[PDB]
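Enquirer: below you'll find the sequence and an experimental structure to go with it.
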Amino acid sequence: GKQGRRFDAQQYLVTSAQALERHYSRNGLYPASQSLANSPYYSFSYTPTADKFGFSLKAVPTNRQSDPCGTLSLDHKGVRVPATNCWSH
């Protein structure tokens, strides 16, 4: 349940990273912004690097999501955080 909602957030981070790669493929750079939909359980953010060659997607749990993995992140290299024990997507 709580676990299920963590995996939901992971699935959305991944869908979002796939969209970012489509923009990168057409433009050679990541975009300045990306509209993301928050939930009662996670707040999502997209942060490109200054040179727009990298990014970080984050899902930050709300107080209503008492999950041991805390904030989840996913970058332009596919690196998932927390690095162990937490990601299944």
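Expert: Received it, and whenever you're ready, just let me know what you need. Residues are numbered from 1 along each chain as shown.

Enquirer: so residue 57 sits in a strand?
Expert: Yes: if the criterion is DSSP: H, G, I helix; E, B strand; the rest coil, then residue 57 is within a strand.

Enquirer: and for it, the neighbour number?
Expert: 21 (other CB atoms under 10 Å). No exception for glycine: its C-beta is placed from N, CA and C like everyone else's.

Enquirer: likewise for residue 10?
Expert: 20.

Enquirer: kindly report the same for residue 34.
Expert: 18.

Enquirer: what's the closest non-adjacent residue to it?
Expert: residue 46 (4.1 Å; CB to CB, 6 or more residues apart in numbering).

Enquirer: am I right that that neighbour is in a helix?
Expert: No: if the criterion is three-state DSSP, then residue 46 is strand and not within a helix.

Enquirer: how much space between it and residue 16?
Expert: Per CB to CB, to the nearest Å, residue 46 is found 7 Å from residue 16.

Enquirer: same question for residue 75.
Expert: Where residue 16 is concerned, residue 75 sits at a distance of 12 Å (CB to CB).

Enquirer: who touches both of those two?
Expert: residue 57 (CB atoms under 8 Å, 6 or more residues apart in numbering).

Enquirer: alright, calling it a day.
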